[PDB]
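Colleague:
Protein chains: 2
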Amino acid sequence: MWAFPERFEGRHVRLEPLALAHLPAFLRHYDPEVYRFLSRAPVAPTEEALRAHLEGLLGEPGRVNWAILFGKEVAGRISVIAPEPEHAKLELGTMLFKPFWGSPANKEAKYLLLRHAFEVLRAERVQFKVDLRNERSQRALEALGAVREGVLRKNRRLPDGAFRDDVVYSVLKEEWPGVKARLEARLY
Amino acid sequence: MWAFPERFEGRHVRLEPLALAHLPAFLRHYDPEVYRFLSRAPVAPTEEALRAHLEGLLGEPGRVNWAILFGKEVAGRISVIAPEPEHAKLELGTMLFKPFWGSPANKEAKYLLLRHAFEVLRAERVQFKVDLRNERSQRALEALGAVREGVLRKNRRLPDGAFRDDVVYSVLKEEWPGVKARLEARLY
Numbered sequence: 001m002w003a004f005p006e007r008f009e010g011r012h013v014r015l016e017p018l019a020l021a022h023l024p025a026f027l028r029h030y031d032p033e034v035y036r037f038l039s040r041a042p043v044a045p046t047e048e049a050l051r052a053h054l055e056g057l058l059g060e061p062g063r064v065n066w067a068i069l070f071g072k073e074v075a076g077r078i079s080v081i082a083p084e085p086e087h088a089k090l091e092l093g094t095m096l097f098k099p100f101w102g103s104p105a106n107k108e109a110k111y112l113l114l115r116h117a118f119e120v121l122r123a124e125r126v127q128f129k130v131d132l133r134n135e136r137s138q139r140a141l142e143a144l145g146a147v148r149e150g151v152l153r154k155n156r157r158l159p160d161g162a163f164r165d166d167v168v169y170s171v172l173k174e175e176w177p178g179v180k181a182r183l184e185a186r187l188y
Numbered sequence: 001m002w003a004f005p006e007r008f009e010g011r012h013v014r015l016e017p018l019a020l021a022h023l024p025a026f027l028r029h030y031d032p033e034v035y036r037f038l039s040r041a042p043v044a045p046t047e048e049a050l051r052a053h054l055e056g057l058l059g060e061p062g063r064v065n066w067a068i069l070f071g072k073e074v075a076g077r078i079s080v081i082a083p084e085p086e087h088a089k090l091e092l093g094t095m096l097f098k099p100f101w102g103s104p105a106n107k108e109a110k111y112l113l114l115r116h117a118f119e120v121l122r123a124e125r126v127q128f129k130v131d132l133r134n135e136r137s138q139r140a141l142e143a144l145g146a147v148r149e150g151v152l153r154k155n156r157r158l159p160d161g162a163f164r165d166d167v168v169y170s171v172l173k174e175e176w177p178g179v180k181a182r183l184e185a186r187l188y
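For the record, the sequence lines run as chains G and B.
Per full-length UniProt numbering, the very first residue in the first sequence carries number 1; after that it's consecutive.
Per full-length UniProt numbering, the very first residue in the second sequence carries number 1; after that it's consecutive.
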């Protein structure tokens with residue numbers, strides 16, 4: 001099993017261990033539109049539900065959550081999914097509030113981990129899964145350098161009961177020099 | 001709940017719990033061209049290597065194996081991988097000895113589990129992961145009814161360090177009626 005840093009630093013945002021202390025943020029920054037294109041959505045528009053949300057995220061083995069901090073506020077959060085050492089691969093899922101879409105808070109969130117994955121963890125693959133209904137993340141990831149392999153029809157189930165069409169993305173190791181390159185010039 | 005019978009009677013082949021006693025068959029038709037583009041492949045043409053191979057299949061987390069009996073003799077084997085009743089989906093891995101390629105055995109072998117999944121298990125998804133290099137199996141799933149969703153670049157690492165490009169195929173619950181008619185045609 002690999003080791004993931006607790007806190008990160010950049011020029012726009014800084015990551016840190018996602019704890020229940022950031023609960024108040026998710027409370028005020030609540031919107032049924034932000035939690036409708038994710039594999040895991042809250043139970044109800046209440047503190048009790050949102051509280052159990054973070055508890056579950058920090059519950060599933062292998063996943064390490066982080067709180068995206070765009071300065072003094074909380075843009076959102078990001079974590080790693082299905083960390084597979086033997087296969088030298090992993091997954092990354094970003095989630096930023098509506099009032100934070102378009103800001104580099106999402107660009108660095110990935111950049112920070114992508115750098116720790118390939119350069120440090122010596123990863124060979126980093127896939128991303130976004131709902132086919134959410135063109136937002138799609139436009140972003142595709143404008144990030146990731147390759148849109150395809151879409152897994154009804155790959156997973158939605159918190160509401162329906163089925164989700166996960167669009168699989170990915171960034172090979174030899175593709176890092178490019179992605180990182182464009183980002184350093186896209187952010188810095 | 002989800003369950004997999006031990007017997008599957010067919011007009012061509014019959015499936016049964018893949019036991020270790022079915023070893024004399026694999027060692028009888030061991031061909032490098034078979035276990036070439038497969039995640040599961042012995043280390044050498046010996047009864048000792050195959051022994052650690054069979055046990056590996058029957059000892060995989062929630063994986064059921066079956067022996068494709070074609071004409072009072074083993075023609076190959078089929079199994080269900082990643083049985084995830086949660087999202088109502090599952091994978092199907094198949095393989096047959098070279099001296100058997102061209103027989104309805106392979107087609108019917110899947111047909112039995114395909115219907116038992118959609119009709120019985122009321123499944124919603126059934127994906128098939130084949131090697132990008134293994135073009136033979138690819139064209140085989142084309143006539144079956146599987147849809148080409150995409151190819152996972154270096155999804156998994158082979159026991160030799162070589163990365164494999166697993167191609168993703170699948171059949172929706174609404175596509176069964178069509179696929180079933182595609183099999184019963186050549187099979188019957």
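Think of the CB as a built atom: it goes at the ideal place given N, C-alpha and C, for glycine as much as any other residue.
Sort B/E124, B/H12, B/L20 and B/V120 by Cα distance to B/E108 and report the nearest one.
Modeller: Taking only the C-alpha atoms, the option nearest B/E108 is B/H12.
Colleague: Since B/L152 meets chain G, which of its residues come closer than 8 Å, beta carbon to beta carbon?
Modeller: From the beta-carbon of B/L152, the residues of chain G found nearer than 8 Å are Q127, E149, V168 and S170.
Colleague: Does DSSP put B/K129 in a helix, in a strand, or in coil?
Modeller: Of the three classes helix, strand and coil, the one that applies to B/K129 here is strand, per DSSP.
Colleague: Counting C-beta neighbours from all protein chains within 10 Å, is the total for B/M95 16 or more, i.e. buried, or is it exposed?
Modeller: Buried: at least 16 other Cβ atoms inside 10 Å.
Colleague: Under the three-state reduction of DSSP, which class applies to G/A75: helix, strand or coil?
Modeller: Three-state DSSP puts G/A75 in coil, outside helix and strand.
Colleague: Helix, strand or coil for G/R7 per DSSP?
Modeller: coil
Colleague: Is B/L20 buried or exposed, if buried means 16 or more other CB atoms sit within 10 Å of its CB?
Modeller: exposed
Colleague: Once the 5 residues before and after B/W176 are set aside, which same chain residues still bring their CB inside 8 Å of it?
Modeller: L114, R115, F118 and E119
Colleague: Measure the CB-CB distance between B/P24 and B/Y35 and report whether it falls below 9 Å.
Modeller: No; because the gap between Cβ atoms is not below 9 Å, this pair is not in contact.
Colleague: I need the straight-line Cα distance from G/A3 to B/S170, nearest angstrom please.
Modeller: 35 Å
Colleague: Counting only Cβ pairs nearer than 8 Å, list the residues of chain G close to B/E86.
Modeller: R157
Colleague: Could you give the first and the last residue of the continuous alpha helix (DSSP H) run that contains G/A105?
Modeller: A105 to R115
Colleague: Using a Cβ-Cβ cut-off of 6 Å (strictly less than) and excluding sequence neighbours within five positions of B/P83, which residues of its own chain qualify?
Modeller: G62 and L90
Colleague: Just verifying my parser: in three-state terms, what is the DSSP assignment at G/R40?
Modeller: coil
Colleague: What's the C-alpha gap between G/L152 and B/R125?
Modeller: 10 Å
Colleague: Over the uninterrupted beta strand (DSSP E) stretch that includes G/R164, give me the two end residues.
Modeller: Where G/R164 is concerned, the enclosing beta strand (DSSP E) stretches over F163 to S170.
Colleague: By how many angstroms is the C-alpha of B/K72 removed from the C-alpha of G/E149?
Modeller: 43 Å
Colleague: Applying the 10 Å Cβ sphere with the 16-neighbour rule, what's the burial state of G/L121?
Modeller: buried
Colleague: Let me know the secondary structure DSSP gives G/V179 once reduced to three states.
Modeller: DSSP places G/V179 in helix when its eight states are reduced to three.
Colleague: Could you compute how far the alpha carbon of B/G10 sits from the alpha carbon of G/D165?
Modeller: In this structure, the alpha-carbon of B/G10 lies about 34 Å from that of G/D165.
Colleague: Give a yes or no on whether the minimum CB-CB distance between G/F100 and chain B is below 9 Å.
Modeller: It does not: the Cβ of G/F100 has no partner Cβ on chain B nearer than 9 Å.
Colleague: Can you find the residues in the same chain that come closer than 7 Å, C-beta to C-beta, to G/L183, ignoring five residues on each side of it along the sequence?
Modeller: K107 and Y111
Colleague: Taking only beta-carbon atoms, is B/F8 less than 9 Å away from chain G?
Modeller: no
Colleague: I'd like to know whether the C-beta of B/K89 is nearer than 9 Å to at least one C-beta of chain G.
Modeller: yes
Colleague: Assuming G/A123 contacts G/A146 (C-beta within less than 8 Å), just tell me the rounded distance between them.
Modeller: The C-beta separation of G/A123 from G/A146 comes to about 14 Å, leaving the pair out of contact by the 8 Å criterion.
Colleague: For G/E124 and chain B, any beta-carbon pair shorter than 9 Å?
Modeller: By this cut-off, G/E124 is an interface position.
Colleague: Excluding the 5 residues preceding and the 5 following B/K173 in the sequence, name in chain order all residues of the same chain whose CB lies nearer than 7 Å to its CB.
Modeller: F118, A123 and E124
Colleague: For B/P104 versus B/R186, is the C-beta distance shorter than 9 Å?
Modeller: yes
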